[PDB]
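Here is the file data17.cif (mmCIF, C-alpha atoms and all ligand atoms).
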```cif
data_entry
loop_
_atom_site.group_PDB
_atom_site.id
_atom_site.type_symbol
_atom_site.label_atom_id
_atom_site.label_comp_id
_atom_site.auth_asym_id
_atom_site.auth_seq_id
_atom_site.Cartn_x
_atom_site.Cartn_y
_atom_site.Cartn_z
ATOM 1 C CA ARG A 144 -7.005 38.371 -19.771
ATOM 2 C CA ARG A 145 -6.295 41.960 -18.754
ATOM 3 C CA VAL A 146 -2.587 41.119 -18.758
ATOM 4 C CA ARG A 147 -0.257 43.527 -16.965
ATOM 5 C CA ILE A 148 2.983 45.035 -18.228
ATOM 6 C CA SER A 149 3.062 43.448 -21.677
ATOM 7 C CA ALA A 150 6.628 44.674 -22.151
ATOM 8 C CA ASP A 151 6.354 48.370 -22.993
ATOM 9 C CA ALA A 152 6.087 49.462 -19.363
ATOM 10 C CA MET A 153 9.062 47.279 -18.458
ATOM 11 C CA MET A 154 11.165 48.736 -21.267
ATOM 12 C CA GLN A 155 10.495 52.218 -19.892
ATOM 13 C CA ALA A 156 11.298 51.094 -16.352
ATOM 14 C CA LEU A 157 14.820 50.184 -17.468
ATOM 15 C CA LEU A 158 17.172 51.199 -20.267
ATOM 16 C CA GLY A 159 16.640 48.385 -22.770
ATOM 17 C CA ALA A 160 15.321 49.745 -26.064
ATOM 18 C CA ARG A 161 13.425 53.005 -26.533
ATOM 19 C CA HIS A 162 11.207 51.331 -29.130
ATOM 20 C CA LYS A 163 9.894 54.871 -29.582
ATOM 21 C CA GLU A 164 6.260 55.123 -28.490
ATOM 22 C CA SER A 165 5.453 51.626 -29.750
ATOM 23 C CA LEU A 166 6.809 48.546 -31.519
ATOM 24 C CA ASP A 167 4.230 47.122 -33.920
ATOM 25 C CA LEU A 168 0.973 48.258 -32.331
ATOM 26 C CA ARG A 169 -1.342 50.631 -34.181
ATOM 27 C CA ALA A 170 -1.904 53.796 -32.155
ATOM 28 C CA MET B 1 13.316 22.233 -26.651
ATOM 29 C CA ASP B 2 15.373 25.050 -25.150
ATOM 30 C CA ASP B 3 17.297 24.731 -28.413
ATOM 31 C CA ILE B 4 15.196 27.539 -29.879
ATOM 32 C CA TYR B 5 16.474 29.892 -27.184
ATOM 33 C CA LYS B 6 20.061 28.838 -27.821
ATOM 34 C CA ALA B 7 19.824 29.739 -31.498
ATOM 35 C CA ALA B 8 17.921 32.920 -30.655
ATOM 36 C CA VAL B 9 20.500 33.882 -28.043
ATOM 37 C CA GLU B 10 23.434 32.934 -30.261
ATOM 38 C CA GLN B 11 22.009 35.011 -33.103
ATOM 39 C CA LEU B 12 21.618 37.980 -30.758
ATOM 40 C CA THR B 13 24.342 40.588 -31.174
ATOM 41 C CA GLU B 14 26.934 41.350 -28.511
ATOM 42 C CA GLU B 15 25.450 44.810 -28.044
ATOM 43 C CA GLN B 16 21.944 43.443 -27.534
ATOM 44 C CA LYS B 17 23.222 41.020 -24.902
ATOM 45 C CA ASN B 18 25.094 43.790 -23.136
ATOM 46 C CA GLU B 19 21.922 45.861 -22.898
ATOM 47 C CA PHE B 20 20.010 43.012 -21.266
ATOM 48 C CA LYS B 21 22.990 42.094 -19.104
ATOM 49 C CA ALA B 22 23.082 45.656 -17.784
ATOM 50 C CA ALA B 23 19.420 45.393 -16.785
ATOM 51 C CA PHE B 24 20.171 42.134 -14.975
ATOM 52 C CA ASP B 25 22.743 43.843 -12.755
ATOM 53 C CA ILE B 26 20.203 46.576 -12.002
ATOM 54 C CA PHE B 27 17.465 44.045 -11.276
ATOM 55 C CA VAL B 28 19.563 42.475 -8.526
ATOM 56 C CA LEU B 29 19.746 45.936 -6.967
ATOM 57 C CA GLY B 30 18.066 44.234 -4.009
ATOM 58 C CA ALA B 31 20.083 41.018 -4.040
ATOM 59 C CA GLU B 32 23.620 40.669 -2.702
ATOM 60 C CA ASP B 33 23.990 37.129 -4.012
ATOM 61 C CA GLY B 34 23.279 38.506 -7.482
ATOM 62 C CA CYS B 35 20.092 36.456 -7.762
ATOM 63 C CA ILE B 36 16.643 37.798 -8.638
ATOM 64 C CA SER B 37 13.812 36.866 -6.284
ATOM 65 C CA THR B 38 10.321 38.097 -5.432
ATOM 66 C CA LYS B 39 11.889 40.869 -3.362
ATOM 67 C CA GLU B 40 13.689 42.298 -6.386
ATOM 68 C CA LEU B 41 10.571 41.989 -8.531
ATOM 69 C CA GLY B 42 8.459 43.464 -5.736
ATOM 70 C CA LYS B 43 10.565 46.628 -5.770
ATOM 71 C CA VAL B 44 10.310 46.872 -9.550
ATOM 72 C CA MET B 45 6.537 46.517 -9.498
ATOM 73 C CA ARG B 46 6.288 49.013 -6.647
ATOM 74 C CA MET B 47 7.957 51.666 -8.796
ATOM 75 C CA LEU B 48 5.564 50.881 -11.635
ATOM 76 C CA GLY B 49 2.762 51.650 -9.193
ATOM 77 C CA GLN B 50 1.714 48.028 -8.723
ATOM 78 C CA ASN B 51 1.544 46.486 -5.254
ATOM 79 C CA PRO B 52 -0.065 43.018 -5.558
ATOM 80 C CA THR B 53 0.233 40.123 -3.135
ATOM 81 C CA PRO B 54 3.474 38.138 -2.574
ATOM 82 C CA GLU B 55 1.647 34.921 -3.431
ATOM 83 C CA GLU B 56 1.102 36.243 -6.961
ATOM 84 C CA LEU B 57 4.775 37.108 -7.352
ATOM 85 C CA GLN B 58 5.741 33.568 -6.420
ATOM 86 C CA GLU B 59 3.245 32.070 -8.861
ATOM 87 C CA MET B 60 4.521 34.347 -11.629
ATOM 88 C CA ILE B 61 8.074 33.092 -11.148
ATOM 89 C CA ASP B 62 6.849 29.498 -11.322
ATOM 90 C CA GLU B 63 5.240 30.224 -14.693
ATOM 91 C CA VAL B 64 8.560 31.479 -16.055
ATOM 92 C CA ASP B 65 10.675 29.165 -13.902
ATOM 93 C CA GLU B 66 10.704 25.649 -15.335
ATOM 94 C CA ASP B 67 12.323 24.246 -12.196
ATOM 95 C CA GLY B 68 9.866 26.169 -10.032
ATOM 96 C CA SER B 69 12.819 27.013 -7.795
ATOM 97 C CA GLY B 70 11.087 30.337 -7.190
ATOM 98 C CA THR B 71 14.228 32.200 -8.245
ATOM 99 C CA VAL B 72 15.404 33.724 -11.522
ATOM 100 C CA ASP B 73 19.036 33.598 -12.635
ATOM 101 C CA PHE B 74 20.914 35.196 -15.521
ATOM 102 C CA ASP B 75 20.219 32.253 -17.827
ATOM 103 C CA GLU B 76 16.531 32.224 -16.889
ATOM 104 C CA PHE B 77 16.391 36.014 -17.128
ATOM 105 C CA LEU B 78 17.856 35.936 -20.627
ATOM 106 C CA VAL B 79 15.339 33.320 -21.731
ATOM 107 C CA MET B 80 12.454 35.270 -20.234
ATOM 108 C CA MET B 81 13.608 38.423 -21.994
ATOM 109 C CA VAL B 82 13.762 36.734 -25.390
ATOM 110 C CA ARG B 83 10.533 34.832 -24.765
ATOM 111 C CA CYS B 84 8.666 38.018 -23.876
ATOM 112 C CA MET B 85 9.974 39.790 -26.973
ATOM 113 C CA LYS B 86 9.112 36.877 -29.262
ATOM 114 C CA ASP B 87 5.635 36.653 -27.753
ATOM 115 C CA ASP B 88 4.993 39.570 -30.100
ATOM 116 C CA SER B 89 6.627 38.650 -33.406
HETATM 117 CA CA CA C 1 14.637 28.800 -11.815
#
```
If you convert what's in this file into structure tokens, what do you get?
Amino acid sequence: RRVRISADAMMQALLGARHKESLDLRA
Amino acid sequence: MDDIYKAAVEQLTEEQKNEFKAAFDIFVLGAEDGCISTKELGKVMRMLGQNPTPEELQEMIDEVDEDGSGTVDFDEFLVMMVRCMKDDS
């Protein structure tokens, strides 16, 4: 519940993949 | 069994592995031995703006660490990376 850093924040922290503004999440 | 990770890792392209490998080297930016511990993760979280308790960091590693050694290596890091990505398939 109320998980932290699902993976998007981490991706931004490091290079990894830009994944644009999202992966498969609506808005 | 960890077999799923083997196939997932094997399928992964060389470029994809290189990208994750590069992050690994950066992660150990706080480790001379080249190992990732709570200290390395603590610095990462700090940048994100999160400053929880050390006890939580240790518990988190245990959740991802099957051996509960309290440390994360390249092999474990790779598995965690793939596992996290799959979590949302
Ligand atoms: Ca371990």
Starting from chain B, keep only residues with some atom at most 8 Å from an atom of chain A, counting all atoms listed in the file, and report them as a PyMOL selection string. chain B and resi 19-20+23+48+84-85
Got a sec to check which residues lie within 6 Å of ligand CA 1 (chain C), using only C-alpha atoms and all ligand atoms, and send them as a list in words?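 Listed by chain and ascending number, the contacts are residues 65, 67, 68, 69, 71 and 72 of chain B.
Of note, CA of residue 77 in chain B and CA of residue 14 in chain B are spaced 16.4 Å apart.
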Set the distance at 12 Å and use all atoms listed in the file: which residues neighbour residue 61 in chain B once local chain neighbours fewer than 2 positions away are removed? I'd like the list as an mmCIF file with C-alpha atoms, keeping the file's coordinate frame.
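This went into around21.cif:
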```
data_model
loop_
_atom_site.group_PDB
_atom_site.id
_atom_site.type_symbol
_atom_site.label_atom_id
_atom_site.label_comp_id
_atom_site.auth_asym_id
_atom_site.auth_seq_id
_atom_site.Cartn_x
_atom_site.Cartn_y
_atom_site.Cartn_z
ATOM 1 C CA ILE B 36 16.643 37.798 -8.638
ATOM 2 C CA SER B 37 13.812 36.866 -6.284
ATOM 3 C CA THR B 38 10.321 38.097 -5.432
ATOM 4 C CA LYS B 39 11.889 40.869 -3.362
ATOM 5 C CA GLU B 40 13.689 42.298 -6.386
ATOM 6 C CA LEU B 41 10.571 41.989 -8.531
ATOM 7 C CA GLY B 42 8.459 43.464 -5.736
ATOM 8 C CA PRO B 54 3.474 38.138 -2.574
ATOM 9 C CA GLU B 55 1.647 34.921 -3.431
ATOM 10 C CA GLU B 56 1.102 36.243 -6.961
ATOM 11 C CA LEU B 57 4.775 37.108 -7.352
ATOM 12 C CA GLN B 58 5.741 33.568 -6.420
ATOM 13 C CA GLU B 59 3.245 32.070 -8.861
ATOM 14 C CA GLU B 63 5.240 30.224 -14.693
ATOM 15 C CA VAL B 64 8.560 31.479 -16.055
ATOM 16 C CA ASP B 65 10.675 29.165 -13.902
ATOM 17 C CA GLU B 66 10.704 25.649 -15.335
ATOM 18 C CA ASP B 67 12.323 24.246 -12.196
ATOM 19 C CA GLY B 68 9.866 26.169 -10.032
ATOM 20 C CA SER B 69 12.819 27.013 -7.795
ATOM 21 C CA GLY B 70 11.087 30.337 -7.190
ATOM 22 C CA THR B 71 14.228 32.200 -8.245
ATOM 23 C CA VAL B 72 15.404 33.724 -11.522
ATOM 24 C CA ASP B 73 19.036 33.598 -12.635
ATOM 25 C CA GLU B 76 16.531 32.224 -16.889
ATOM 26 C CA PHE B 77 16.391 36.014 -17.128
ATOM 27 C CA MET B 80 12.454 35.270 -20.234
#
```
One-decimal distance in Å that lies between CA of residue 18 in chain B and CA of residue 34 in chain B: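 It comes out at 16.6 Å.
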One-decimal distance in Å that lies between CA of residue 83 in chain B and CA of residue 52 in chain B: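 Here the two named atoms are 23.4 Å from each other.
Closest approach to residue 8 in chain B among B:82, B:53, B:32, B:75 is made by B:82 (distances from all atoms listed in the file).
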Mind completing range 46-69 of chain B with N, CA and C atoms? Output as a tab-separated table (two decimals), keeping the file's coordinate frame, please?
```
chain	number	residue	atom	x	y	z
B	46	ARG	N	6.65	47.90	-7.51
B	46	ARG	CA	6.29	49.01	-6.65
B	46	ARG	C	6.51	50.34	-7.37
B	47	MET	N	7.65	50.45	-8.05
B	47	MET	CA	7.96	51.67	-8.80
B	47	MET	C	6.94	51.89	-9.91
B	48	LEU	N	6.54	50.80	-10.54
B	48	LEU	CA	5.56	50.88	-11.64
B	48	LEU	C	4.21	51.35	-11.11
B	49	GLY	N	4.01	51.23	-9.81
B	49	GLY	CA	2.76	51.65	-9.19
B	49	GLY	C	1.89	50.45	-8.86
B	50	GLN	N	2.45	49.25	-9.01
B	50	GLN	CA	1.71	48.03	-8.72
B	50	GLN	C	2.18	47.43	-7.40
B	51	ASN	N	1.22	47.07	-6.55
B	51	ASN	CA	1.54	46.49	-5.25
B	51	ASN	C	0.64	45.30	-4.96
B	52	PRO	N	0.75	44.26	-5.74
B	52	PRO	CA	-0.06	43.02	-5.56
B	52	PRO	C	0.38	42.21	-4.34
B	53	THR	N	-0.11	40.98	-4.25
B	53	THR	CA	0.23	40.12	-3.14
B	53	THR	C	1.49	39.30	-3.44
B	54	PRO	N	2.23	38.94	-2.42
B	54	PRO	CA	3.47	38.14	-2.57
B	54	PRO	C	3.20	36.77	-3.18
B	55	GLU	N	2.02	36.23	-2.91
B	55	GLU	CA	1.65	34.92	-3.43
B	55	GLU	C	1.62	34.96	-4.96
B	56	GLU	N	1.18	36.09	-5.50
B	56	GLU	CA	1.10	36.24	-6.96
B	56	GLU	C	2.50	36.29	-7.56
B	57	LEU	N	3.40	36.99	-6.88
B	57	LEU	CA	4.78	37.11	-7.35
B	57	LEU	C	5.43	35.74	-7.44
B	58	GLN	N	5.17	34.91	-6.45
B	58	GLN	CA	5.74	33.57	-6.42
B	58	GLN	C	5.19	32.72	-7.56
B	59	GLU	N	3.88	32.82	-7.80
B	59	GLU	CA	3.24	32.07	-8.86
B	59	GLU	C	3.79	32.51	-10.22
B	60	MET	N	4.01	33.81	-10.37
B	60	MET	CA	4.52	34.35	-11.63
B	60	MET	C	5.88	33.73	-11.96
B	61	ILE	N	6.75	33.66	-10.96
B	61	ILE	CA	8.07	33.09	-11.15
B	61	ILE	C	7.96	31.64	-11.59
B	62	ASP	N	7.04	30.91	-10.98
B	62	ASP	CA	6.85	29.50	-11.32
B	62	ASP	C	6.48	29.35	-12.80
B	63	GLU	N	5.66	30.27	-13.29
B	63	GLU	CA	5.24	30.22	-14.69
B	63	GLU	C	6.45	30.37	-15.61
B	64	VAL	N	7.36	31.26	-15.25
B	64	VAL	CA	8.56	31.48	-16.06
B	64	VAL	C	9.66	30.49	-15.67
B	65	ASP	N	9.67	30.10	-14.40
B	65	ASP	CA	10.68	29.16	-13.90
B	65	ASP	C	10.24	27.73	-14.17
B	66	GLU	N	11.02	27.03	-14.99
B	66	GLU	CA	10.70	25.65	-15.34
B	66	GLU	C	10.96	24.73	-14.14
B	67	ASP	N	11.99	25.06	-13.36
B	67	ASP	CA	12.32	24.25	-12.20
B	67	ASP	C	11.44	24.60	-11.01
B	68	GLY	N	10.76	25.74	-11.10
B	68	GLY	CA	9.87	26.17	-10.03
B	68	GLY	C	10.66	26.48	-8.77
B	69	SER	N	11.96	26.72	-8.93
B	69	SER	CA	12.82	27.01	-7.80
B	69	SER	C	12.35	28.27	-7.07
```
